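**Student:** Contents of protein-v5.txt (compact mmCIF, C-alpha atoms and all ligand atoms):
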```
# COMPACT_ATOMS: atom_id res chain seq x y z
CA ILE N 103 185.77 202.50 -0.45
CA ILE N 104 182.04 202.72 -1.21
CA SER N 105 181.59 199.01 -0.55
CA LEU N 106 183.75 199.07 2.59
CA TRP N 107 181.80 202.01 4.01
CA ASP N 108 178.49 200.30 3.32
CA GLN N 109 179.74 197.04 4.83
CA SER N 110 181.09 198.65 8.00
CA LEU N 111 177.89 200.72 8.26
CA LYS N 112 175.48 197.82 7.70
CA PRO N 113 175.52 196.03 11.10
CA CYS N 114 175.27 199.20 13.20
CA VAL N 115 172.09 200.69 14.66
CA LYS N 116 169.21 201.55 12.36
CA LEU N 117 167.66 204.96 13.07
CA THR N 118 164.24 204.57 11.47
CA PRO N 119 162.39 205.54 14.71
CA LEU N 120 164.00 209.01 14.76
CA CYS N 121 161.49 210.12 12.13
CA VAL N 122 159.20 211.86 14.60
CA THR N 123 157.94 215.38 15.24
CA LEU N 124 160.67 217.31 17.06
CA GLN N 125 159.43 219.95 19.49
CA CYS N 126 162.59 222.03 19.21
CA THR N 127 163.57 225.41 20.64
CA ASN N 128 166.49 227.85 20.50
CA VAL N 129 169.19 227.55 23.18
CA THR N 130 170.89 230.94 22.94
CA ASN N 131 169.84 233.92 25.07
CA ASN N 132 172.12 236.68 23.77
CA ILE N 133 171.89 237.46 20.07
CA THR N 134 174.51 235.50 18.10
CA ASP N 135 176.30 234.21 21.19
CA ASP N 136 176.78 230.98 19.23
CA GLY N 139 170.78 228.56 15.17
CA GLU N 140 173.62 226.05 14.81
CA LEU N 141 172.42 224.53 18.09
CA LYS N 142 168.86 223.23 18.35
CA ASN N 143 167.42 221.74 21.58
CA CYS N 144 164.79 219.31 20.26
CA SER N 145 162.49 217.39 22.60
CA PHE N 146 160.65 214.48 21.00
CA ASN N 147 159.22 211.01 21.56
CA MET N 148 161.10 207.71 21.27
CA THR N 149 159.90 204.16 21.81
CA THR N 150 161.61 202.53 24.78
CA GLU N 151 162.51 198.88 25.36
CA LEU N 152 158.85 198.02 26.00
CA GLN X 1 186.95 263.03 44.41
CA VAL X 2 183.91 262.28 42.23
CA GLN X 3 181.38 262.94 44.97
CA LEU X 4 178.21 261.85 43.20
CA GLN X 5 176.01 264.35 45.04
CA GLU X 6 172.39 263.19 44.84
CA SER X 7 169.63 265.72 45.49
CA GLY X 8 165.97 264.88 45.00
CA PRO X 9 162.68 266.42 46.10
CA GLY X 10 162.45 263.94 48.99
CA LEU X 11 158.63 263.87 48.98
CA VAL X 12 156.57 262.78 45.97
CA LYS X 13 153.02 261.73 45.08
CA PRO X 14 151.98 258.86 42.78
CA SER X 15 152.04 259.40 39.01
CA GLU X 16 154.54 262.26 38.88
CA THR X 17 158.26 262.73 38.24
CA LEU X 18 161.11 262.34 40.73
CA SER X 19 164.13 264.56 40.01
CA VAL X 20 167.31 263.30 41.69
CA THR X 21 170.61 264.74 40.47
CA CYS X 22 174.08 263.21 40.43
CA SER X 23 176.95 265.71 40.49
CA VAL X 24 180.38 265.12 38.97
CA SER X 25 183.28 267.02 40.52
CA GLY X 26 186.95 266.68 41.38
CA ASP X 27 187.37 265.06 37.95
CA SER X 28 186.11 265.46 34.40
CA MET X 29 182.80 264.03 33.18
CA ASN X 30 183.46 263.19 29.51
CA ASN X 31 186.50 261.06 30.39
CA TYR X 32 184.53 258.24 32.07
CA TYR X 33 180.90 257.14 32.16
CA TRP X 34 178.30 257.19 34.93
CA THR X 35 175.04 255.39 35.71
CA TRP X 36 172.32 254.92 38.33
CA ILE X 37 171.46 252.34 41.00
CA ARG X 38 168.49 251.91 43.37
CA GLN X 39 167.55 249.59 46.22
CA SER X 40 164.58 249.14 48.54
CA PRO X 41 164.30 248.16 52.22
CA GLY X 42 163.31 244.53 52.66
CA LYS X 43 164.28 243.90 49.03
CA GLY X 44 167.51 243.80 47.03
CA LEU X 45 169.24 246.29 44.79
CA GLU X 46 167.70 247.50 41.53
CA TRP X 47 169.84 249.27 38.95
CA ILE X 48 167.78 251.60 36.77
CA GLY X 49 169.68 251.36 33.47
CA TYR X 50 172.64 252.97 31.74
CA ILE X 51 173.38 256.14 29.78
CA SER X 52 176.44 256.05 27.52
CA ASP X 53 178.14 258.46 25.12
CA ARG X 54 175.52 257.82 22.42
CA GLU X 55 172.95 258.81 25.11
CA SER X 56 170.61 255.99 24.07
CA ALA X 57 168.88 254.76 27.21
CA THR X 58 169.07 251.08 28.12
CA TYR X 59 166.02 250.28 30.23
CA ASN X 60 164.93 247.76 32.83
CA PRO X 61 162.48 245.14 31.47
CA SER X 62 161.28 244.33 35.01
CA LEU X 63 160.17 247.94 35.65
CA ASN X 64 158.02 248.09 32.47
CA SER X 65 160.09 251.00 31.07
CA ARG X 66 158.18 253.61 33.09
CA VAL X 67 161.20 255.80 33.90
CA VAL X 68 162.97 258.72 32.20
CA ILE X 69 166.75 258.38 32.48
CA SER X 70 169.03 260.90 30.77
CA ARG X 71 172.06 263.13 31.29
CA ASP X 72 172.93 266.78 30.66
CA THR X 73 176.43 268.23 30.36
CA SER X 74 175.66 271.90 31.11
CA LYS X 75 175.37 271.71 34.91
CA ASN X 76 177.44 268.49 35.07
CA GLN X 77 174.42 266.45 36.13
CA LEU X 78 172.96 263.00 35.55
CA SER X 79 169.24 263.49 34.87
CA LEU X 80 167.16 260.54 36.08
CA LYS X 81 163.37 260.85 36.23
CA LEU X 82 160.53 258.42 36.98
CA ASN X 83 157.24 259.14 35.24
CA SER X 84 154.08 257.57 36.69
CA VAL X 85 155.59 256.62 40.04
CA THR X 86 153.75 253.73 41.73
CA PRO X 87 153.33 253.72 45.54
CA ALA X 88 155.68 250.72 45.62
CA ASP X 89 158.69 252.97 44.86
CA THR X 90 159.18 254.24 48.45
CA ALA X 91 162.94 253.63 48.70
CA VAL X 92 166.39 255.15 48.11
CA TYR X 93 168.09 255.89 44.78
CA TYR X 94 171.86 255.55 44.34
CA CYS X 95 174.55 256.76 41.96
CA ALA X 96 177.29 254.65 40.41
CA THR X 97 180.04 254.81 37.81
CA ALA X 98 180.51 252.27 35.01
CA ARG X 99 183.70 250.90 33.44
CA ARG X 100 182.80 249.03 30.24
CA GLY X 101 184.85 245.88 30.73
CA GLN X 102 185.37 243.66 27.70
CA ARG X 103 185.09 239.98 28.67
CA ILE X 104 186.86 237.78 26.12
CA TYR X 105 186.10 234.06 26.07
CA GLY X 106 186.23 233.11 22.38
CA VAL X 107 187.39 234.82 19.19
CA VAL X 108 186.99 238.55 18.62
CA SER X 109 186.53 238.08 14.87
CA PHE X 110 183.21 236.22 15.28
CA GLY X 111 181.64 238.31 18.04
CA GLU X 112 182.28 235.45 20.48
CA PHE X 113 182.57 237.63 23.59
CA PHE X 114 180.36 239.90 25.68
CA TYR X 115 180.67 243.17 27.59
CA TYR X 116 180.44 243.30 31.38
CA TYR X 117 179.54 246.69 32.85
CA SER X 118 181.57 246.93 36.06
CA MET X 119 180.98 249.79 38.52
CA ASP X 120 183.51 251.16 41.03
CA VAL X 121 182.52 254.53 42.54
CA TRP X 122 179.03 255.03 43.97
CA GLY X 123 177.06 257.76 45.70
CA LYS X 124 175.22 258.00 49.03
CA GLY X 125 171.51 257.95 48.21
CA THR X 126 168.35 259.82 49.21
CA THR X 127 165.18 258.05 50.33
CA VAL X 128 161.90 259.34 48.89
CA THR X 129 158.45 258.12 49.91
CA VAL X 130 155.59 258.10 47.41
CA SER X 131 151.93 258.18 48.50
CA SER X 132 148.99 260.59 48.55
CA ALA X 133 151.19 262.97 50.56
CA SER X 134 153.74 265.22 48.87
CA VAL U 2 168.49 236.32 53.03
CA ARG U 3 170.39 233.35 54.48
CA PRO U 4 171.72 234.02 58.00
CA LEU U 5 175.17 232.49 58.45
CA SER U 6 177.34 232.11 61.54
CA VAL U 7 181.13 231.81 61.76
CA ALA U 8 183.82 232.18 64.41
CA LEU U 9 186.54 234.85 64.64
CA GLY U 10 190.02 234.62 63.17
CA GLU U 11 188.90 231.92 60.73
CA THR U 12 189.08 231.74 56.95
CA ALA U 13 185.57 232.16 55.56
CA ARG U 14 184.07 230.69 52.38
CA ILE U 15 181.06 232.44 50.84
CA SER U 16 179.12 230.85 47.98
CA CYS U 17 176.01 232.29 46.32
CA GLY U 18 172.85 230.43 45.43
CA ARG U 19 172.34 229.91 41.70
CA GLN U 20 174.91 227.75 39.95
CA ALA U 21 177.72 228.86 37.62
CA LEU U 22 176.76 227.38 34.26
CA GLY U 23 179.29 228.40 31.63
CA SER U 24 182.37 230.55 32.13
CA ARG U 25 181.59 232.98 34.93
CA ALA U 26 182.73 236.45 36.04
CA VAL U 27 182.01 237.03 39.74
CA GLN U 28 181.79 240.40 41.51
CA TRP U 29 181.52 240.83 45.28
CA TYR U 30 180.00 243.73 47.22
CA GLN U 31 180.14 244.99 50.83
CA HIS U 32 176.68 246.24 51.81
CA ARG U 33 177.38 247.42 55.33
CA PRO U 34 174.01 248.06 57.01
CA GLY U 35 172.70 251.59 56.57
CA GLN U 36 175.35 253.22 54.39
CA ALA U 37 176.74 252.81 50.91
CA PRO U 38 178.26 249.50 49.71
CA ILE U 39 181.66 248.80 48.14
CA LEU U 40 183.11 246.01 46.01
CA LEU U 41 185.51 243.32 47.25
CA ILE U 42 186.75 241.39 44.18
CA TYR U 43 185.83 241.82 40.52
CA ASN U 44 186.84 239.74 37.50
CA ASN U 45 187.02 236.74 39.89
CA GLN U 46 190.62 237.63 40.78
CA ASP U 47 191.16 241.41 40.68
CA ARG U 48 190.67 242.97 44.09
CA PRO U 49 190.41 246.77 43.78
CA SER U 50 192.87 249.03 45.54
CA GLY U 51 192.24 249.71 49.21
CA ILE U 52 191.04 246.15 49.89
CA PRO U 53 193.21 244.30 52.43
CA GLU U 54 194.51 240.81 51.72
CA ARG U 55 191.97 239.33 54.15
CA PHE U 56 189.61 239.33 51.13
CA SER U 57 190.80 236.84 48.51
CA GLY U 58 189.23 235.86 45.20
CA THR U 59 188.53 232.50 43.60
CA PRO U 60 190.49 231.48 40.48
CA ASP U 61 188.71 229.71 37.63
CA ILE U 62 189.39 226.09 36.71
CA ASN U 63 186.59 226.34 34.10
CA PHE U 64 184.34 224.06 36.21
CA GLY U 65 184.04 222.55 39.67
CA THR U 66 184.34 225.14 42.42
CA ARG U 67 181.43 227.58 42.59
CA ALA U 68 181.60 231.34 43.20
CA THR U 69 183.55 231.31 46.48
CA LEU U 70 184.58 234.40 48.45
CA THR U 71 187.69 233.55 50.48
CA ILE U 72 187.75 235.68 53.64
CA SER U 73 190.64 235.09 56.05
CA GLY U 74 190.40 236.73 59.46
CA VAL U 75 187.08 238.53 59.84
CA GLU U 76 187.27 241.55 62.16
CA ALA U 77 185.00 244.09 63.84
CA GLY U 78 184.49 245.83 60.49
CA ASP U 79 183.04 242.89 58.55
CA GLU U 80 179.53 242.69 60.02
CA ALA U 81 177.72 243.49 56.79
CA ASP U 82 175.93 241.96 53.78
CA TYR U 83 177.82 240.16 51.00
CA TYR U 84 176.48 240.04 47.45
CA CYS U 85 177.30 237.63 44.62
CA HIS U 86 177.09 239.28 41.19
CA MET U 87 178.15 237.08 38.28
CA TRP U 88 178.24 237.15 34.46
CA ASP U 89 177.95 233.79 32.70
CA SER U 90 177.45 232.77 29.06
CA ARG U 91 173.98 231.23 29.48
CA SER U 92 172.18 233.98 31.38
CA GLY U 93 173.26 236.31 28.58
CA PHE U 94 173.30 239.78 30.09
CA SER U 95 173.19 238.97 33.79
CA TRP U 96 170.60 241.66 34.45
CA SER U 97 169.90 240.60 38.04
CA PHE U 98 172.21 240.98 41.03
CA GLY U 99 170.82 237.69 42.34
CA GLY U 100 169.78 236.77 45.85
CA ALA U 101 170.98 238.17 49.15
CA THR U 102 173.56 236.22 51.18
CA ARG U 103 173.67 237.16 54.86
CA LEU U 104 176.22 236.46 57.59
CA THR U 105 175.91 237.06 61.35
CA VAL U 106 179.16 236.29 63.14
CA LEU U 107 179.00 234.87 66.66
CA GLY U 108 181.63 235.11 69.38
CA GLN U 109 182.50 238.63 68.25
CA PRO U 110 184.69 240.44 70.86
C1 LIG H 201 192.85 231.11 15.71
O1 LIG H 201 192.23 232.38 15.65
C2 LIG H 201 191.87 232.93 16.93
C3 LIG H 201 191.21 234.26 16.64
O2 LIG H 201 190.87 234.96 17.83
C4 LIG H 201 193.12 233.06 17.81
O3 LIG H 201 192.75 233.57 19.10
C5 LIG H 201 191.86 232.98 20.00
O4 LIG H 201 191.14 233.98 20.72
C6 LIG H 201 191.85 234.68 21.77
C7 LIG H 201 192.73 235.76 21.15
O5 LIG H 201 193.86 235.27 20.44
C8 LIG H 201 192.57 233.73 22.73
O6 LIG H 201 191.62 233.11 23.60
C9 LIG H 201 191.11 233.93 24.60
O7 LIG H 201 192.23 234.62 25.18
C10 LIG H 201 191.91 235.43 26.33
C11 LIG H 201 193.21 236.07 26.77
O8 LIG H 201 193.70 236.96 25.77
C12 LIG H 201 194.93 237.54 26.10
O9 LIG H 201 195.29 238.47 25.07
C13 LIG H 201 196.58 239.08 25.26
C14 LIG H 201 196.78 240.03 24.10
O10 LIG H 201 195.71 240.96 24.00
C15 LIG H 201 197.66 238.01 25.33
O11 LIG H 201 198.92 238.63 25.60
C16 LIG H 201 197.33 237.01 26.43
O12 LIG H 201 198.30 235.96 26.46
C17 LIG H 201 195.95 236.44 26.20
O13 LIG H 201 195.93 235.63 25.03
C18 LIG H 201 191.27 234.58 27.42
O14 LIG H 201 190.91 235.47 28.48
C19 LIG H 201 190.05 233.85 26.88
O15 LIG H 201 189.50 232.93 27.83
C20 LIG H 201 188.75 233.41 28.90
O16 LIG H 201 187.58 232.59 29.01
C21 LIG H 201 187.87 231.20 29.24
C22 LIG H 201 186.55 230.47 29.27
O17 LIG H 201 185.79 230.70 28.08
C23 LIG H 201 188.67 231.05 30.53
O18 LIG H 201 189.00 229.67 30.71
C24 LIG H 201 189.93 231.88 30.45
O19 LIG H 201 190.68 231.77 31.66
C25 LIG H 201 189.56 233.33 30.17
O20 LIG H 201 188.84 233.93 31.24
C26 LIG H 201 189.52 234.65 32.21
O21 LIG H 201 190.50 233.86 32.91
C27 LIG H 201 191.21 234.57 33.95
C28 LIG H 201 192.20 233.59 34.53
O22 LIG H 201 193.02 233.01 33.52
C29 LIG H 201 190.23 235.11 34.98
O23 LIG H 201 190.94 235.87 35.95
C30 LIG H 201 189.19 235.98 34.30
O24 LIG H 201 188.21 236.42 35.24
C31 LIG H 201 188.51 235.20 33.20
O25 LIG H 201 187.73 234.13 33.73
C32 LIG H 201 190.44 233.06 25.64
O26 LIG H 201 191.30 231.97 25.99
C33 LIG H 201 193.37 232.65 22.00
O27 LIG H 201 194.57 233.18 21.46
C34 LIG H 201 192.57 231.97 20.90
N1 LIG H 201 191.62 231.05 21.48
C35 LIG H 201 191.55 229.76 21.14
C36 LIG H 201 190.52 228.94 21.86
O28 LIG H 201 192.29 229.28 20.29
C37 LIG H 201 193.81 231.71 17.93
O29 LIG H 201 195.01 231.82 18.68
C38 LIG H 201 194.14 231.17 16.54
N2 LIG H 201 194.83 229.89 16.58
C39 LIG H 201 194.41 228.78 17.19
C40 LIG H 201 195.39 227.65 17.22
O30 LIG H 201 193.30 228.68 17.70
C1 LIG H 202 154.95 212.75 22.82
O1 LIG H 202 153.64 212.29 22.50
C2 LIG H 202 152.61 212.83 23.36
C3 LIG H 202 151.31 212.20 22.92
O2 LIG H 202 150.22 212.65 23.72
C4 LIG H 202 152.60 214.35 23.29
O3 LIG H 202 151.62 214.83 24.21
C5 LIG H 202 150.92 216.01 23.95
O4 LIG H 202 151.78 217.13 23.81
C6 LIG H 202 151.10 218.37 23.55
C7 LIG H 202 152.17 219.43 23.38
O5 LIG H 202 153.07 219.08 22.33
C8 LIG H 202 150.13 218.68 24.68
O6 LIG H 202 149.40 219.86 24.35
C9 LIG H 202 149.16 217.52 24.86
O7 LIG H 202 148.28 217.75 25.95
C10 LIG H 202 149.94 216.23 25.10
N1 LIG H 202 149.04 215.11 25.27
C11 LIG H 202 149.10 214.29 26.31
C12 LIG H 202 148.03 213.24 26.38
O8 LIG H 202 149.97 214.38 27.16
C13 LIG H 202 153.98 214.89 23.64
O9 LIG H 202 154.02 216.30 23.54
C14 LIG H 202 155.03 214.27 22.73
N2 LIG H 202 156.37 214.72 23.03
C15 LIG H 202 156.83 215.95 22.79
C16 LIG H 202 158.24 216.22 23.21
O10 LIG H 202 156.14 216.80 22.24
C1 LIG H 203 164.73 230.87 17.14
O1 LIG H 203 164.58 229.94 16.08
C2 LIG H 203 164.27 230.56 14.81
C3 LIG H 203 164.11 229.44 13.81
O2 LIG H 203 163.79 229.94 12.51
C4 LIG H 203 165.35 231.56 14.42
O3 LIG H 203 164.96 232.22 13.22
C5 LIG H 203 165.53 232.58 15.52
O4 LIG H 203 166.58 233.49 15.22
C6 LIG H 203 165.83 231.88 16.85
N1 LIG H 203 166.01 232.84 17.92
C7 LIG H 203 165.15 233.79 18.29
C8 LIG H 203 165.67 234.78 19.28
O5 LIG H 203 164.01 233.85 17.85
```
Show me, as structure tokens, the structure contained in the file I just sent.
**Tutor:**
Amino acid sequence: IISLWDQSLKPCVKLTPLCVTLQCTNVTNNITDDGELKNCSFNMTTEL
Amino acid sequence: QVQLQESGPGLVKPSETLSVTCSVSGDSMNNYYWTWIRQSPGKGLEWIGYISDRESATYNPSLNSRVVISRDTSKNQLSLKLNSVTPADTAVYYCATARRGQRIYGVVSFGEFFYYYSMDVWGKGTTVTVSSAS
Amino acid sequence: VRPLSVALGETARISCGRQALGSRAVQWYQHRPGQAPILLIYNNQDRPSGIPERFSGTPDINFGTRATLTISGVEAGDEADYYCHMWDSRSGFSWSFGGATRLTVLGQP
């Protein structure tokens, strides 16, 4: 199962560019209406 | 007939207190709960806040908490006051009731709801102008 | 205010400005000019007693249709101001009563 998971996970998308400073803010107005939901705005390199 | 009789001075100067009453009659007072409403000509309506059984006063953040809202049982009156009245307050003050409706949309066990404060019975309103005159 | 014009004896649809994000709880009010207002439909479906069937509420399908006030057959007593008061799950405590929606009926006998 370990090897099968690694094999099926190998060809998918690498997420090394997600390591980036996340300007992130709370979403919830009322107290404890839902943390547990973080709206993070960040940078990400496009096609070019 | 809960005729929310409102009676204020009718003529005030800036930076003093306005004393408008709100009578309860034709029905008990402790059974249900009452509140206050206001609106201005040219503008929309502006609730003042709410007084509940615990008598802790919920205030309006957009009015900078410069009012004195309360309630007294002796003469069956709702006691709303405005300290430091600005000249912009030349308008009419209303009365209203408040039924504490419980809006459910999730699970009660996790506090996944909220309370909506619905109002049914209102008053008539008295218009008071505030300026250098009294 | 937004002046609106409609005919007589026609079903009327009244929608307020800001959108209904999240599950919403609409209340309607009858601010007749000069004297005290009164509510039309609260809880999005529950019309209070003393309100004729000409005023109908809008059921919730959890999305789609906005806060609509169904009014079938306006009469000589409906020249007033209609207010959209709504409680959603993103505005938290919906402190504000929102904007003012106006209607001025033409062809009134
Ligand atoms: C797991 O554990 C949970 C613990 O709570 C179990 O319950 C869940 O929470 C509640 C309570 O059981 C239920 O969901 C809510 O139910 C209310 C209606 O409650 C009524 O209660 C009566 C008994 O007191 C009962 O006889 C009735 O039959 C009914 O259950 C419902 O109002 C809630 O939804 C509101 O908000 C939704 C949007 O968020 C709207 O889509 C709903 O329509 C509704 O709003 C109103 O809708 C009216 C029109 O229908 C409209 O007129 C009005 O203005 C409002 O807009 C909510 O559905 C459920 O039972 C359960 N919820 C869930 C998601 O499971 C739970 O059963 C248990 N097991 C499982 C399998 O989850
Ligand atoms: C993406 O990178 C840019 C790089 O400049 C960030 O831009 C700066 O953002 C700060 C606030 O976080 C501003 O005070 C600066 O003035 C911005 N500089 C310029 C030149 O615009 C940007 O903020 C980053 N993305 C996010 C979501 O923070
Ligand atoms: C905002 O985010 C911080 C993150 O630590 C959290 O502690 C806080 O409860 C959130 N909400 C508010 C209202 O500050």
**Student:** Every residue with an atom at most 10 Å from (175.0, 254.1, 50.1) (file coordinates; only C-alpha atoms) is what I'm after, so could you write them as a list in words?
**Tutor:** residues 37, 38, 39, 92, 93, 94, 95, 96, 122, 123, 124, 125 and 126 of chain X; 32, 33, 34, 35, 36, 37, 38 and 39 of chain U
**Student:** I'd like the contact shell of residue 135 (chain N) - 8 Å cut-off, only C-alpha atoms, skipping same-chain residues fewer than 2 positions apart - returned as a PDB file with C-alpha atoms, in the coordinates of the input.
**Tutor:**
```pdb
ATOM      1  CA  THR N 130     170.890 230.940  22.940  1.00  0.00           C
ATOM      2  CA  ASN N 131     169.840 233.920  25.070  1.00  0.00           C
ATOM      3  CA  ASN N 132     172.120 236.680  23.770  1.00  0.00           C
ATOM      4  CA  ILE N 133     171.890 237.460  20.070  1.00  0.00           C
TER       5      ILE N 133
ATOM      6  CA  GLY X 111     181.640 238.310  18.040  1.00  0.00           C
ATOM      7  CA  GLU X 112     182.280 235.450  20.480  1.00  0.00           C
ATOM      8  CA  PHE X 113     182.570 237.630  23.590  1.00  0.00           C
TER       9      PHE X 113
END
```
**Student:** Ligand LIG 201 (chain H): which residues are within 6 Å, counting all atoms listed in the file, as number ranges by chain?
**Tutor:** X: 104-108; U: 24, 26, 44-46, 61, 63
**Student:** Could the residues in this selection be written to a file with C-alpha atoms, as a PDB file, in the frame of the given file?
**Tutor:**
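Listing of again_14.pdb after writing:
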```pdb
ATOM      1  CA  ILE X 104     186.860 237.780  26.120  1.00  0.00           C
ATOM      2  CA  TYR X 105     186.100 234.060  26.070  1.00  0.00           C
ATOM      3  CA  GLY X 106     186.230 233.110  22.380  1.00  0.00           C
ATOM      4  CA  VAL X 107     187.390 234.820  19.190  1.00  0.00           C
ATOM      5  CA  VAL X 108     186.990 238.550  18.620  1.00  0.00           C
TER       6      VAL X 108
ATOM      7  CA  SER U  24     182.370 230.550  32.130  1.00  0.00           C
ATOM      8  CA  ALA U  26     182.730 236.450  36.040  1.00  0.00           C
ATOM      9  CA  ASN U  44     186.840 239.740  37.500  1.00  0.00           C
ATOM     10  CA  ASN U  45     187.020 236.740  39.890  1.00  0.00           C
ATOM     11  CA  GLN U  46     190.620 237.630  40.780  1.00  0.00           C
ATOM     12  CA  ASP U  61     188.710 229.710  37.630  1.00  0.00           C
ATOM     13  CA  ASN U  63     186.590 226.340  34.100  1.00  0.00           C
TER      14      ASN U  63
END
```
**Student:** List every residue of chain N that has an atom at most 9 Å from any atom of ligand LIG 202 (chain H), giving for each one its closest atom pair and the distance in Å to one decimal, counting only C-alpha atoms and all ligand atoms, sorted by chain and then by ascending residue number, as a Markdown table.
**Tutor:**
```
| residue | atom | partner | partner_atom | distance |
| --- | --- | --- | --- | --- |
| N:123 | CA | H:LIG202 | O10 | 7.4 |
| N:124 | CA | H:LIG202 | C16 | 6.7 |
| N:125 | CA | H:LIG202 | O10 | 5.3 |
| N:126 | CA | H:LIG202 | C16 | 8.3 |
| N:144 | CA | H:LIG202 | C16 | 7.8 |
| N:145 | CA | H:LIG202 | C16 | 4.5 |
| N:146 | CA | H:LIG202 | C16 | 3.7 |
| N:147 | CA | H:LIG202 | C1 | 4.8 |
| N:148 | CA | H:LIG202 | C1 | 8.1 |
```
**Student:** If I take atom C8 of ligand LIG 203 (chain H) and CA of residue 139 (chain N), how far is one from the other in Å, to one decimal?
**Tutor:**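 Answer for the atom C8 of ligand LIG 203 (chain H) to CA of residue 139 (chain N) separation: 9.0 Å.
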**Student:** Please report the interatomic distance between CA of residue 4 (chain X) and CA of residue 18 (chain X) in Å with one decimal.
**Tutor:**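 Pair CA of residue 4 (chain X) / CA of residue 18 (chain X) returns 17.3 Å.
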**Student:** What is the distance between CA of residue 118 (chain X) and CA of residue 71 (chain X), in Å to one decimal?
**Tutor:**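 Taking CA of residue 118 (chain X) and CA of residue 71 (chain X), their separation equals 19.4 Å.
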